[PDB]
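Participant: So that you have it, the file is final_32.cif, and it contains mmCIF, C-alpha atoms:
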data_query
loop_
_atom_site.label_atom_id
_atom_site.label_comp_id
_atom_site.auth_asym_id
_atom_site.auth_seq_id
_atom_site.Cartn_x
_atom_site.Cartn_y
_atom_site.Cartn_z
CA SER L 1 -8.66 34.55 -0.64
CA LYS L 2 -4.89 34.60 -0.20
CA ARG L 3 -4.98 30.91 0.74
CA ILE L 4 -7.02 30.13 -2.39
CA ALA L 5 -4.59 32.01 -4.64
CA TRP L 6 -1.72 30.19 -2.95
CA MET L 7 -3.18 26.71 -3.41
CA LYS L 8 -3.95 27.60 -7.03
CA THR L 9 -0.29 28.54 -7.54
CA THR L 10 0.77 25.28 -5.88
CA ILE L 11 -1.49 23.09 -8.02
CA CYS L 12 -0.40 24.02 -11.54
CA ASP L 13 3.27 22.99 -11.49
CA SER L 14 2.50 19.64 -9.86
CA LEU L 15 0.42 17.69 -12.37
CA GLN L 16 -1.00 19.90 -15.13
CA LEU L 17 -1.66 23.54 -15.93
CA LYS L 18 -4.30 25.51 -14.03
CA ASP L 19 -7.83 24.84 -15.28
CA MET L 20 -11.31 26.29 -14.94
CA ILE L 21 -12.39 23.00 -13.37
CA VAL L 22 -9.67 23.51 -10.75
CA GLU L 23 -10.97 27.03 -10.13
CA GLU L 24 -14.61 25.86 -10.01
CA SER L 25 -13.65 23.27 -7.41
CA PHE L 26 -12.56 26.14 -5.17
CA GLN L 27 -15.66 28.16 -6.10
CA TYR L 28 -17.77 25.21 -4.95
CA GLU L 29 -19.44 25.74 -1.59
CA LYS L 30 -18.52 22.41 0.02
CA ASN L 31 -14.79 22.94 -0.57
CA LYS L 32 -15.11 26.47 0.84
CA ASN L 33 -16.86 25.18 3.97
CA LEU L 34 -14.17 22.55 4.46
CA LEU L 35 -11.36 25.10 4.01
CA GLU L 36 -13.02 27.56 6.41
CA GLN L 37 -13.67 24.92 9.08
CA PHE L 38 -10.06 23.81 8.62
CA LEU L 39 -8.66 27.31 9.06
CA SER L 40 -10.87 28.07 12.07
CA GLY L 41 -10.93 24.59 13.60
CA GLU L 42 -8.54 23.01 16.08
CA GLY L 43 -10.14 19.65 15.30
CA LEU L 44 -9.61 19.33 11.54
CA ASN L 45 -5.89 19.42 10.75
CA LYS L 46 -5.94 18.29 7.09
CA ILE L 47 -7.51 19.34 3.79
CA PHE L 48 -7.59 17.02 0.79
CA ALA L 49 -8.37 17.53 -2.87
CA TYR L 50 -8.82 14.76 -5.43
CA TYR L 51 -7.71 15.43 -8.98
CA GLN L 52 -10.21 12.86 -10.19
CA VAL L 53 -9.99 11.66 -13.79
CA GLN L 54 -12.83 10.29 -15.91
CA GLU L 55 -12.12 8.33 -19.09
CA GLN L 56 -14.52 8.64 -22.04
CA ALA L 57 -14.06 9.39 -25.74
CA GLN L 58 -11.52 11.84 -24.27
CA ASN L 59 -9.75 12.18 -20.92
CA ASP L 60 -11.42 14.50 -18.41
CA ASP L 61 -10.00 16.05 -15.24
CA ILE L 62 -12.17 17.26 -12.34
CA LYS L 63 -11.15 18.46 -8.88
CA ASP L 64 -12.99 17.83 -5.62
CA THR L 65 -12.14 18.62 -1.99
CA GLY L 66 -12.75 16.38 1.01
CA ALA L 67 -11.62 15.91 4.58
CA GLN L 68 -10.96 12.18 4.15
CA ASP L 69 -7.72 10.99 2.55
CA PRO L 70 -7.97 7.71 0.58
CA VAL L 71 -4.55 7.93 -1.06
CA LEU L 72 -4.05 4.24 -1.88
CA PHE L 73 -7.66 3.57 -2.87
CA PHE L 74 -6.85 5.21 -6.20
CA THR L 75 -3.77 3.03 -6.62
CA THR L 76 -5.86 -0.08 -6.06
CA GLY L 77 -6.82 -1.45 -9.45
CA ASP L 78 -10.26 -1.67 -11.06
CA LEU L 79 -11.74 1.31 -9.20
CA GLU L 80 -13.71 4.33 -10.37
CA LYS L 81 -11.35 6.67 -8.51
CA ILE L 82 -8.24 5.10 -10.08
CA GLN L 83 -5.44 7.30 -11.49
CA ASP L 84 -6.59 10.25 -9.39
CA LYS L 85 -4.04 12.68 -8.01
CA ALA L 86 -3.94 13.39 -4.28
CA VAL L 87 -3.15 16.65 -2.50
CA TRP L 88 -2.51 17.10 1.23
CA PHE L 89 -2.87 20.27 3.30
CA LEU L 90 -1.75 20.26 6.92
CA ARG L 91 -1.89 23.18 9.33
CA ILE L 92 1.07 24.04 11.58
CA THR L 93 -0.50 25.40 14.76
CA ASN L 94 -3.71 24.11 16.31
CA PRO L 95 -5.12 27.31 17.95
CA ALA L 96 -7.59 29.29 15.88
CA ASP L 97 -6.23 32.68 16.99
CA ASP L 98 -2.70 31.76 15.89
CA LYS L 99 -4.05 30.43 12.59
CA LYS L 100 -5.83 33.77 12.10
CA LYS L 101 -2.80 35.95 12.81
CA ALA L 102 -0.66 33.69 10.62
CA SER L 103 -3.09 33.95 7.71
CA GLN L 104 -3.06 37.72 8.15
CA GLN L 105 0.71 38.27 8.30
CA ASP L 106 2.71 35.02 8.33
CA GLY L 107 3.92 33.27 5.21
CA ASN L 108 1.50 30.73 3.78
CA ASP L 109 4.60 28.58 3.25
CA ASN L 110 5.57 28.36 6.91
CA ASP L 111 1.90 28.18 7.89
CA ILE L 112 0.82 25.25 5.67
CA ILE L 113 2.33 21.78 5.33
CA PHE L 114 2.00 20.24 1.88
CA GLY L 115 2.25 16.61 0.80
CA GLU L 116 1.98 15.16 -2.71
CA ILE L 117 1.97 11.47 -3.68
CA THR L 118 1.78 9.57 -6.96
CA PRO L 119 -1.42 7.98 -8.13
CA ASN L 120 -1.21 4.23 -8.76
CA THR L 121 1.80 3.28 -6.62
CA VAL L 122 1.75 0.25 -4.32
CA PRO L 123 4.93 1.17 -2.33
CA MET L 124 4.38 4.96 -2.29
CA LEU L 125 3.31 5.05 1.37
CA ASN L 126 6.26 2.88 2.37
CA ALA L 127 8.62 5.09 0.37
CA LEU L 128 7.48 8.42 1.85
CA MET L 129 8.09 7.42 5.47
CA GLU L 130 11.47 5.85 4.76
CA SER L 131 12.60 8.80 2.66
CA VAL L 132 11.82 11.57 5.18
CA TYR L 133 11.11 10.42 8.74
CA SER L 134 13.61 7.55 8.92
CA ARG L 135 16.33 10.03 7.96
CA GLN L 136 15.27 12.82 10.30
CA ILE L 137 15.00 10.57 13.36
CA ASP L 138 18.38 8.95 12.68
CA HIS L 139 20.15 12.28 12.33
CA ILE L 140 18.47 13.85 15.35
CA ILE L 141 19.00 11.05 17.88
CA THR L 142 22.71 11.33 17.10
CA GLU L 143 22.74 15.13 17.13
CA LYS L 144 20.96 15.64 20.46
CA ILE L 145 20.46 13.25 23.36
CA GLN L 146 16.91 11.98 23.88
CA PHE L 147 15.11 9.39 25.94
CA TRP L 148 15.05 6.02 24.18
CA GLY L 149 16.94 7.18 21.11
CA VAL L 150 18.21 3.69 20.30
CA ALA L 151 14.76 2.17 20.83
CA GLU L 152 13.30 4.89 18.61
CA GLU L 153 15.78 4.17 15.81
CA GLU L 154 15.02 0.46 16.13
CA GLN L 155 11.26 1.09 15.94
CA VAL L 156 11.62 3.28 12.85
CA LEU L 157 13.75 0.63 11.15
CA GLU L 158 11.25 -2.12 11.98
CA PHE L 159 8.34 -0.19 10.51
CA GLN L 160 10.41 0.65 7.44
CA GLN L 161 11.22 -3.04 6.98
CA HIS L 162 7.58 -4.12 7.31
CA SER L 163 6.45 -1.43 4.87
CA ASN L 164 9.13 -2.37 2.33
CA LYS L 165 8.25 -6.06 2.60
CA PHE L 166 4.52 -5.57 2.16
CA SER L 167 4.75 -3.84 -1.23
CA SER L 168 6.28 -6.88 -2.94
CA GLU L 169 4.43 -9.16 -0.50
CA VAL L 170 1.58 -9.62 -3.00
CA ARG L 171 1.59 -13.01 -4.69
CA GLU L 172 2.80 -13.77 -8.21
CA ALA L 173 4.44 -16.47 -10.33
CA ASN L 174 9.78 -20.52 -2.89
CA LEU L 175 7.75 -19.22 -5.83
CA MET L 176 4.34 -20.79 -6.46
CA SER L 177 3.03 -20.38 -10.02
CA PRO L 178 -0.70 -20.26 -10.82
CA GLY L 179 -2.13 -20.99 -14.23
CA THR L 180 -2.11 -18.18 -16.77
CA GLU L 181 -5.88 -18.38 -17.26
CA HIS L 182 -6.37 -18.36 -13.49
CA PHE L 183 -4.09 -15.35 -13.04
CA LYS L 184 -6.41 -13.78 -15.60
CA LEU L 185 -9.40 -14.82 -13.47
CA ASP L 186 -11.06 -17.85 -11.89
CA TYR L 187 -14.31 -18.65 -13.73
CA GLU L 188 -13.29 -17.78 -17.29
CA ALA L 189 -13.71 -21.34 -18.67
CA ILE L 190 -17.42 -22.07 -18.22
CA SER L 191 -16.95 -25.71 -19.28
CA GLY L 192 -13.22 -25.66 -20.07
CA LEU L 193 -12.54 -25.88 -16.34
CA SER L 194 -13.64 -29.53 -16.51
CA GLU L 195 -10.70 -30.38 -18.76
CA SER L 196 -8.10 -33.09 -18.31
CA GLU L 197 -5.25 -30.87 -19.52
CA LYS L 198 -6.14 -27.82 -17.41
CA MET L 199 -6.93 -29.90 -14.31
CA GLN L 200 -3.68 -31.87 -14.62
CA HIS L 201 -1.72 -28.64 -15.07
CA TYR L 202 -3.15 -27.16 -11.88
CA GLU L 203 -2.63 -30.58 -10.30
CA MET L 204 1.06 -30.89 -11.17
CA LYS L 205 1.68 -27.27 -10.22
CA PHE L 206 0.19 -27.96 -6.80
CA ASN L 207 2.17 -31.19 -6.44
CA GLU L 208 5.28 -29.10 -7.13
CA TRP L 209 4.14 -26.56 -4.53
CA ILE L 210 3.76 -29.44 -2.06
CA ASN L 211 7.26 -30.72 -2.79
CA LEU L 212 8.78 -27.23 -2.56
CA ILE L 213 7.12 -26.58 0.81
CA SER L 214 8.14 -29.99 2.18
CA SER L 215 11.79 -29.71 1.10
CA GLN L 216 12.03 -26.77 3.51
CA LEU L 217 9.63 -27.87 6.25
CA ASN L 218 11.89 -30.89 6.77
CA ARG L 219 16.30 -28.52 10.42
CA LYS L 220 19.91 -29.33 11.35
CA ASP L 221 21.74 -30.77 14.33
CA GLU L 222 21.79 -28.43 17.33
CA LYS L 223 25.33 -29.53 18.26
CA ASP L 224 27.21 -28.08 15.27
CA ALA L 225 27.97 -25.02 13.14
CA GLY L 226 27.56 -22.48 15.94
CA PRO L 227 24.85 -21.03 18.15
CA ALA L 228 24.76 -17.81 16.12
CA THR L 229 24.24 -19.76 12.89
CA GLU L 230 21.48 -21.75 14.59
CA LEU L 231 19.70 -18.58 15.69
CA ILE L 232 20.04 -17.09 12.20
CA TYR L 233 18.52 -20.21 10.66
CA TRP L 234 15.69 -20.22 13.20
CA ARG L 235 14.90 -16.61 12.30
CA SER L 236 15.12 -17.56 8.62
CA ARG L 237 12.68 -20.41 9.25
CA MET L 238 10.34 -17.96 10.97
CA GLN L 239 10.35 -15.37 8.19
CA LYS L 240 10.41 -18.07 5.50
CA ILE L 241 7.53 -20.20 6.77
CA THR L 242 5.78 -16.87 7.38
CA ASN L 243 6.20 -15.76 3.77
CA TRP L 244 4.95 -19.17 2.64
CA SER L 245 2.03 -18.98 5.04
CA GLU L 246 1.05 -15.73 3.32
CA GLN L 247 1.65 -17.48 -0.02
CA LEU L 248 -0.92 -20.14 0.86
CA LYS L 249 -3.25 -17.54 2.41
CA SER L 250 -3.34 -15.60 -0.87
CA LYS L 251 -6.70 -15.80 -2.61
CA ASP L 252 -5.59 -17.12 -6.01
CA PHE L 253 -3.56 -20.05 -4.69
CA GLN L 254 -6.60 -21.12 -2.65
CA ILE L 255 -9.00 -20.62 -5.57
CA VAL L 256 -7.05 -23.00 -7.78
CA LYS L 257 -7.51 -25.34 -4.81
CA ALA L 258 -11.24 -24.58 -4.84
CA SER L 259 -11.16 -25.38 -8.57
CA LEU L 260 -9.57 -28.76 -7.85
CA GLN L 261 -12.34 -29.30 -5.29
CA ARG L 262 -14.98 -28.19 -7.83
CA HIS L 263 -13.49 -30.76 -10.23
CA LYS L 264 -13.27 -33.29 -7.35
CA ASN L 265 -9.52 -33.82 -8.02
CA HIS L 266 -8.99 -34.51 -4.31
CA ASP L 267 -5.51 -36.05 -4.77
CA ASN L 268 -4.09 -32.50 -4.57
CA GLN L 269 -6.52 -30.60 -2.38
CA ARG L 270 -5.89 -32.98 0.47
CA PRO L 271 -2.12 -33.68 0.23
CA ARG L 272 -1.81 -29.88 0.36
CA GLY L 273 -3.71 -29.78 3.65
CA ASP L 274 -2.08 -32.91 5.10
CA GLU L 275 1.48 -33.46 3.87
CA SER L 276 2.44 -29.77 3.88
#
Once you've parsed the file, please lay out its structure as structure tokens.

Facilitator:
Amino acid sequence: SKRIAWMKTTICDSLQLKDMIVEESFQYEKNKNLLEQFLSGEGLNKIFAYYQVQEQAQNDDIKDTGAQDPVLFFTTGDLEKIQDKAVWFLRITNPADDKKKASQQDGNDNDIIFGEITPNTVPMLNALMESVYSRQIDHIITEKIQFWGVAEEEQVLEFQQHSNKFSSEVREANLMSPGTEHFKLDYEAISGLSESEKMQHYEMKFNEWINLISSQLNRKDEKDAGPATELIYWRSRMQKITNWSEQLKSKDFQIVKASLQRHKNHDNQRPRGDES
């Protein structure tokens, strides 16, 4: 009961004022079973509740509670569960007896770990880690001596870099531009796809992609400008050709290719697979 009152107090200030649907979510039997098994179970270490939203004539908010945590599913577009708020509950100590005594006397604050995240944010997961754990590890390796402190800092930085890159990694507008109608969607011109103007626009855009990729696929002399500069440019080639590989592996840039194949305009499908 004390835990339920506490979570109710925690919920209101976060997104919106306390509601009867929020209370009914607690009153529901499944959420109670999950909370009880969580409190008394060494195995389950997390509780989740979804502030699910349903759009109709008017906006509606409902709350559910589950063990599974799909935090970025809601951020992914064109989903039923979109724009749904996420709550995290983590327990401190694994043993049931210690959880019991802590619920009886210890502060719910010390005893529970709480995490909140936006709905509809592509880099939210990358931002959380960087903002908290990257800072704590950096301070602590310096403060106290540990095994592999430098390796640990390096590892944290590498994950942070990957996570930061992958948010803006998604493809848009080297920079390879798809058609506006195609960025809308693929098969939106039932017979307008077989059009000279549209086909030639996709065709010239892909010719320009081919030229832009070639101008960089074609190195410097290994006798000049310094070994360090050479290594930097080799690493730049790696990351650069890698980013472009992901560019070409994007779906949309290959579907405009599939459209050129559907229109038989081979003079661009194939130079893309050969000259590049």

Participant: Under the rule that all atoms listed in the file are counted, which of L:168, L:127, L:8, L:198 is the nearest residue to residue 24 in chain L?

Facilitator: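 Checking each of L:168, L:127, L:8, L:198 against residue 24 in chain L, counting all atoms listed in the file, the winner is L:8.
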
Participant: Excluding same-chain residues fewer than 3 positions from residue 171 in chain L, what lies within 12 Å of it counting all atoms listed in the file, as an MDAnalysis selection string?

Facilitator: chainID L and resid 166:168 174:178 183 243:254

Participant: Determine, counting only C-alpha atoms, which protein, DNA and RNA residues have an atom within 9 Å of an atom of range 79-84 of chain L; residues of the same chain fewer than 2 positions away are not included. Present the result as a PyMOL selection string.

Facilitator: chain L and resi 50-54+61+71+73-77+86+118-120

Participant: Which residues fall under the PyMOL selection byres ((chain L and resi 92-94) around 12) in this file, as a PyMOL selection string?

Facilitator: chain L and resi 38-46+89-91+95-103+106-114

Participant: I'd like to know which of L:217, L:258, L:189, L:20 is closest to residue 238 in chain L, using only C-alpha atoms.

Facilitator: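 Using only C-alpha atoms, the shortest distance to residue 238 in chain L belongs to L:217.
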
Participant: Evaluate the PyMOL selection byres ((chain L and resi 156) around 10) on the structure here and hand back the selected residues as a list in words.

Facilitator: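 This file gives the following for the PyMOL selection byres ((chain L and resi 156) around 10): residues 129, 130, 133, 134, 135, 137, 138, 150, 151, 152, 153, 154, 155, 157, 158, 159, 160 and 161 of chain L.
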
Participant: For CA of residue 202 in chain L and CA of residue 274 in chain L, quote the distance in Å rounded to one decimal.

Facilitator: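 Computing it gives 18.0 Å between the two atoms.
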
Participant: Around range 184-199 of chain L, with edges along x, y and z and 3 Å added on all six sides, what centre and edge lengths do you get, in Å to one decimal, as AutoDock Vina command-line options?

Facilitator:
--center_x -11.3 --center_y -23.4 --center_z -16.0 --size_x 18.2 --size_y 25.3 --size_z 14.2

Participant: For residue 199 in chain L, which residue among L:261, L:37, L:56, L:236 is the nearest when counting all atoms listed in the file?

Facilitator: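 Of the candidates, the smallest distance to residue 199 in chain L is held by L:261.
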
Participant: Give me the residues within 12 Å of residue 260 in chain L as a PDB file with C-alpha atoms, in the frame of the given file, counting all atoms listed in the file and dropping any in the same chain fewer than 2 places off.

Facilitator:
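Saved file result_1.pdb follows:
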ATOM      1  CA  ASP L 186     -11.060 -17.850 -11.890  1.00  0.00           C
ATOM      2  CA  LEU L 193     -12.540 -25.880 -16.340  1.00  0.00           C
ATOM      3  CA  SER L 194     -13.640 -29.530 -16.510  1.00  0.00           C
ATOM      4  CA  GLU L 195     -10.700 -30.380 -18.760  1.00  0.00           C
ATOM      5  CA  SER L 196      -8.100 -33.090 -18.310  1.00  0.00           C
ATOM      6  CA  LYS L 198      -6.140 -27.820 -17.410  1.00  0.00           C
ATOM      7  CA  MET L 199      -6.930 -29.900 -14.310  1.00  0.00           C
ATOM      8  CA  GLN L 200      -3.680 -31.870 -14.620  1.00  0.00           C
ATOM      9  CA  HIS L 201      -1.720 -28.640 -15.070  1.00  0.00           C
ATOM     10  CA  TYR L 202      -3.150 -27.160 -11.880  1.00  0.00           C
ATOM     11  CA  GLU L 203      -2.630 -30.580 -10.300  1.00  0.00           C
ATOM     12  CA  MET L 204       1.060 -30.890 -11.170  1.00  0.00           C
ATOM     13  CA  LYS L 205       1.680 -27.270 -10.220  1.00  0.00           C
ATOM     14  CA  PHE L 206       0.190 -27.960  -6.800  1.00  0.00           C
ATOM     15  CA  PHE L 253      -3.560 -20.050  -4.690  1.00  0.00           C
ATOM     16  CA  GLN L 254      -6.600 -21.120  -2.650  1.00  0.00           C
ATOM     17  CA  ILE L 255      -9.000 -20.620  -5.570  1.00  0.00           C
ATOM     18  CA  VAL L 256      -7.050 -23.000  -7.780  1.00  0.00           C
ATOM     19  CA  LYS L 257      -7.510 -25.340  -4.810  1.00  0.00           C
ATOM     20  CA  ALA L 258     -11.240 -24.580  -4.840  1.00  0.00           C
ATOM     21  CA  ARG L 262     -14.980 -28.190  -7.830  1.00  0.00           C
ATOM     22  CA  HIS L 263     -13.490 -30.760 -10.230  1.00  0.00           C
ATOM     23  CA  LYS L 264     -13.270 -33.290  -7.350  1.00  0.00           C
ATOM     24  CA  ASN L 265      -9.520 -33.820  -8.020  1.00  0.00           C
ATOM     25  CA  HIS L 266      -8.990 -34.510  -4.310  1.00  0.00           C
ATOM     26  CA  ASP L 267      -5.510 -36.050  -4.770  1.00  0.00           C
ATOM     27  CA  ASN L 268      -4.090 -32.500  -4.570  1.00  0.00           C
ATOM     28  CA  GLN L 269      -6.520 -30.600  -2.380  1.00  0.00           C
ATOM     29  CA  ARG L 270      -5.890 -32.980   0.470  1.00  0.00           C
ATOM     30  CA  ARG L 272      -1.810 -29.880   0.360  1.00  0.00           C
TER      31      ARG L 272
END

Participant: CA of residue 163 in chain L and CA of residue 241 in chain L, how far apart in Å?

Facilitator: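 The value is 18.9 Å.
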